Every structure is written in C-alpha cells, then in structure tokens.
Ligand SMILES: *[C@@H]1O[C@H](CO)[C@@H](O[C@@H]2O[C@H](CO)[C@@H](O)[C@H](O)[C@H]2NC(C)=O)[C@H](O)[C@H]1NC(C)=O
C-alpha cells in the first residue's frame, strides 16, 4: 500500500510534504491536492527537502562538495552530488580499520567480522572449566585459520604479538557462547531463553 | 515453589546506615544471580544492584554507588544489602529478586520492605474498635471495623479472625493527621446473622513499635 | 542515554475490550524485554518474558510483539482481574530500565454503594478526641460526596476521605472518611450523620445516629 501523503517518499510519486495543514515545504504539492498534481513536484522547481538531504529549502539542488552524510567508523563523509537531491553513495573507509569500538574491522565498507581477521586470524569462542565462565564469553577470542585448537583470548601470551595485553570485550548485541547467548552491557553473555 | 522473604527496613534518621536481608526458601540459590529493585511511594520501579552467584561481579546504580554495600552468603541462603549515608530521596520500598541464568529476567520477586528516611520518631498505635449496629437487621446487612490511630512509621498488618476472615476485608493507607499522625481504619462487612453468631476480631501487628494488638469488635451493647 | 516511554499511562476500558500498550524506546533496544504486572500493596509479577513469549502460569490472553524502538503488549480480552499497573523492562542494552508505567482500570455498570456509619469508641472519648467514620463499599465509579451535618449544621473538613482500589474479584470501589473532633466538640452537637451523593442513588441517602449511640 504505497499511499501518497506519508512523510516517506515512495515510488510513483516524487515528494511528500504532507497534507495542506502541515505542508510547510513549498516545493511540493499538498497530499490533499487534485490527482493530476497528487503529491507532485511544483512546476519550475528543482528539488524538495523530502527527496533527500541534498536539497535546499528554495527548491534548488545543493551544490557539489557540500556535506550530506557524516563520517562513520567505516564510511567517509558524503558530499552532495550537485545533480540529485539525495546524498550519493559514500566512499568506504579503508579495509580492516578499527571498527565497532575496536571489536570489529571495516570490511566491504561496513562493520562485520572481528578484529581477529585484521591480524590475519579468525574469530573463535573460548571456554573455561570453573568459576566465572560467563565473562570469557563476552571476551573476544581468536583462532588460526581452520585450526580450532588454537583458540585463545585476545589478552594472552598467545596472540600477544597481535593484541599486546588487550582483553577485547564484545559489544552489547553481539552474539556469544556459540550463538547460544548475546553479550549484554554488563559483559555477561545472555540469551536462548528458559 | 519459590518464596522470597525480606526483613528489616523502618524509620532511619537522615544519614546513617541500615541493613536489609533477603531469605530465599526454595530454589538452587547458588545457581542464580540476585538483584535488588526499589520503588518510591508514588513513583516507578528502579533497579539497584545485580549480584553474581559466587561474587566476582557486583554492580550498582550510578545513583547509589558509594552508598550501598551489598553482600551474600550462599551457605546461609541470604542476600544482604547494606546502605550507607541515606538521603531523603531513599524513602522507598525495596524488592528482592532473582535475575535468572540471565533469562526471563526476574522470574520471581519478593514483597519488599519499606524504608523511611524521616527524622521523626516511631509512635505506638492506639487501637479503637468501630462497632456494628446493635439494632441489627437480618439478611446480611452489617459491618465492623478497627481504627489504628496515631501509628507511625508507615507499615501495619491487619488480619481479621487471625487470617480466617479474608473476603469483604478492606484496608487502605492512611493520611497524616494534623500533627504528623497516620490513622488507618480497616472495615469488613459480614452477614447480619453472623453478627449475632460468630465472634469477629481484628489482629493488628505494628512491626516497628513491635506492638501487637488484638482487639475484638462487638456491638454497642448499652445498658450493661 | 536510553529513554523509555510508555503510552498510554492511564487507561479505562470495559470487560472484553481489546487493549494495546506500546513501550517506546529511544534507540534500538534488544528483544530481551519483559512485561510485568503490579497490583497495589503486592509485588510485580512477570507477564511476558522476551518479545512475544508467554510465561507459564500467566493467563493465555496476553500476546507480546515489537522490534527495534517499539514494543507492544496486547491483551486480547480485558477482564476484571486485569486491573493494575503494567511496566516494560528491556535487556542487554539496559541498566534494568523500567517504563513509566501504564495504569489500567476497568469499566463496569454502576452499582449501589453500601453505606454504613460507625460511631466512635468509648476508650477514645476518655483520651480527649473522637472519630466518626462513614463507609461506602462496593460501588462504581469513584464519584463521591460526603457531608457531616452535626446537629443539622453542615460543618465540613475534619473528614479525611480514604479511597481504596478496584477489587479485581468484582470490579468495585470502596471509600471512607474520618471526622475528628475533641471532647467539648462531641458534646457541642446532638445528632450526627453522613450524607452520600453517589450518582447511582436517586436520592441522597443518609445514615445517622443520635449521640446516645444506642
Ligand atoms: C577489502 O574489502 C573487500 C570487500 O569486503 C574484501 O573482499 C572480500 O573480503 C572477505 C573478507 O573475509 C573475503 O572473505 C572475500 O573472499 C573477499 N572477496 C569477495 C568477492 O567477497 C577484500 O578481501 C578486502 N581486502 C583486500 C586486500 O582487498
């Protein structure tokens, strides 16, 4: 149901300033207008703010080299294309950059995997015999490629050359304990109810 | 079953300290995390502390850190929550809970215990009966009650007929009389025949003054 | 800083009405959110552990839902025992935050308030004061009006009205005021009464007693 009038702009239409009582945007016809001009872009206008962040309030495309998307952990600042009212695709930050509070790396211009593969390793799940075995679940561990027996914590004599006494802690929302749990803010693996 | 009993809590002067204990009757007390959550008299619930099974993990809230010292004894199946430097905003009912193997967050709770940070002094509750109608009708039209006059901290318990009388019993927290005095009245409506058949008595326990009063309610019975 | 909003806060509906409560989150809180029910005097109780999961022993009419920043509790058929205050508490991105609290009353047909008048006790009279109590029981709605016409003189104010909560068993209310006076005030007037003006009473039915109290 792609209803015209919703604040979001869907296909078919091009601007959704809304109903007349709230359509402050002059670039767009009101949603309660005749169907010939049903949420259509006003004549002699270049863009509307509802189309994207690269439009001026005076219905003109924001010039090129104008910022539209902020810098992220794996994304550089987006500049307006000067030809479209939407922020174009941001150029990705370089591979393996420290991401997700240094728990992960910048892969494919996004934040996935873990820091283990930054050092040429792969991530793994540790396990303790007795005591506070929960804490280890929220502690990042790494393994050699296809060698599960090499699994060890980041902050250990093993992987010391890579992490140098850094017991990296998982971020809240990251799964743990072989997906059985999800790590919480208190650094306690938690989930899989019952 | 699961049953948690909380003891302590009362009238503490501003500042100072107080001790609170939670007793966990039936469950594997050494296999579950423990926690404390409190609610002010007229506000919402608010978490306080979260305790691991064998120590090694003791969190608090940013509003209580430096004031609350919590402890536990798995052998004794108890959960202590010592609190220091109490302010006026600590007047609340504190609830004991069990923060399960981090799942079904708090599967069970306790009834709590009120904490009053007022600078006043505890006063013994006078008990006065509210008599029924001596010109009794029949068919079930009657009512009787007890008045707990001048009782303070807050908490009072009323058990009509030593727990036998439960249906028709009504009780609601009182309001300050002129010179800072709570005065609660409990009321129950009973059949007119039972008014002349059984004996009806209110059992009131004022834990803070440690005064227990058992007052029976009988009709006026003038011209003795 | 995660912000927990709960809409609505106050809510009155009749038996069998479908009820929806929304817990609004400032950011993308995790699905480890549980809904709890509290009744006054007693302690809260678990209703729905994580997103759309019914706890054993909880009535099976409840049904959770929601993702991202919006979570929803759905009571399929409201019932007299569902009166209470409901809270939403999230997890895993949560220092155990509790929602503001959705209060929920019930709507029922108007019932006749049972009015009883209680003269004071003799022991209190020797102390120096006296307390006369008027009682209203098992009525709806909260609408009330109590007048103390001592010796037909409509003096008012030493009464302090206490209003109970809705009994889940029968969805009714209760109320009580307390007139307080001194010894000389007790002999100051002759005949005491309390007047009731509930809307379900076609007339202001008043219960009265002489000072002889017998
Ligand atoms: C740079 O980033 C690209 C985009 O993610 C990488 O390409 C993939 O990286 C993953 C990382 O584990 C590999 O599993 C895939 O085999 C790669 N190729 C494809 C087609 O997905 C790339 O490896 C990164 N590194 C370099 C040096 O380019």
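I'm told residue B:76 meets every condition in (1) at the interface with another protein chain (Cβ under 9 Å from one of its Cβ atoms); (2) under 27 Å from residue B:208 (Cα atoms); (3) over 20 Å from the mean Cα position of the chain (by Cα) except one. Can you identify the failing condition by its number?
Residue B:76 satisfies every listed condition except (1).
Collect the residues in segment B:19-42 that are more than 17 Å from the chain's Cα centre (by Cα) and in contact (Cβ under 8 Å) with a residue 12 or more places away in the chain, keeping them in residue-number order. Explain how you work it out, then say what you get.
So the first thing to find is which residues in segment B:19-42 are more than 17 Å from the chain's Cα centre (by Cα), and the list is B:24-35.
Hits for segment B:19-42 are B:24, B:25, B:26, B:27, B:29, B:30, B:31, B:32, B:33, B:34, B:35.
How many residues does segment C:140-176 contain that are within 12 Å of chain B (Cβ to nearest Cβ) and assigned to a strand (DSSP E or B)?
Going through segment C:140-176 one residue at a time, the tally reaches 8.
From A:173, A:131, which residue is more than 14 Å from chain B (Cβ to nearest Cβ), away from the ligand (no atom under 16 Å from the Cβ), within 30 Å of residue B:107 (Cβ to Cβ) and free of Cβ contacts under 8 Å to residues at least 12 places away in the same chain?
So the residue among A:173, A:131 that is more than 14 Å from chain B (Cβ to nearest Cβ), away from the ligand (no atom under 16 Å from the Cβ), within 30 Å of residue B:107 (Cβ to Cβ) and free of Cβ contacts under 8 Å to residues at least 12 places away in the same chain is A:173.
Report whether or not residue C:198 is surrounded by 19 or more Cβ atoms within 10 Å (Cβ to Cβ), outside any strand (DSSP E or B), more than 14 Å from chain B (Cβ to nearest Cβ) and in contact with a strand residue (DSSP E or B) (Cβ under 9 Å, 6 or more places away or on another chain).
Working: surrounded by 19 or more Cβ atoms within 10 Å (Cβ to Cβ): yes; outside any strand (DSSP E or B): yes; more than 14 Å from chain B (Cβ to nearest Cβ): yes; in contact with a strand residue (DSSP E or B) (Cβ under 9 Å, 6 or more places away or on another chain): yes.
Taking the combined requirement at face value, the residue satisfies it.
Yes or no: residue A:151 outside any loop (DSSP other than H, G, I, E, B), touching a strand residue (DSSP E or B) at 6+ places or on another chain (Cβ under 6 Å) and away from the ligand (no atom under 16 Å from the Cβ)? Quick ask: steps written out before the conclusion?
Numbers: outside any loop (DSSP other than H, G, I, E, B): yes; touching a strand residue (DSSP E or B) at 6+ places or on another chain (Cβ under 6 Å): yes; away from the ligand (no atom under 16 Å from the Cβ): yes.
The answer is yes for residue A:151.
Need a quick list: strands (runs of 3 or more DSSP E) entirely within segment B:128-202 having at least 3 residues that are in contact with a helix residue (DSSP H, G or I) (Cβ under 6 Å, 6 or more places away or on another chain).
Values: elements: B:144-151, B:157-160, B:181-188.
Answer list for segment B:128-202: none.
Could you run through segment A:51-110 and say how many residues are within 16 Å of the ligand (Cβ to nearest atom), more than 30 Å from residue A:167 (Cβ to Cβ) and surrounded by 18 or more Cβ atoms within 10 Å (Cβ to Cβ)?
Final tally of qualifying residues: 1.
I need the full set of residues from segment B:42-73 which are assigned to a strand (DSSP E or B) and either away from chain C (no Cβ under 14 Å) or out of contact with any strand residue (DSSP E or B) (no Cβ under 7 Å at 6 or more places or on another chain) (or both), in order please.
First, pick out the residues of segment B:42-73 that are assigned to a strand (DSSP E or B): B:45-51, B:53, B:55, B:58-59, B:68-73.
Across segment B:42-73, the qualifying residues are B:53, B:55, B:58, B:68, B:69, B:70, B:71, B:72, B:73.
Quick note: the coordinates plus some simple rules give every number you see, no bench work behind them. A quick note on method: Cβ atoms are made from the backbone with ideal geometry, for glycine too, and the neighbour counts reach across all protein chains shown.
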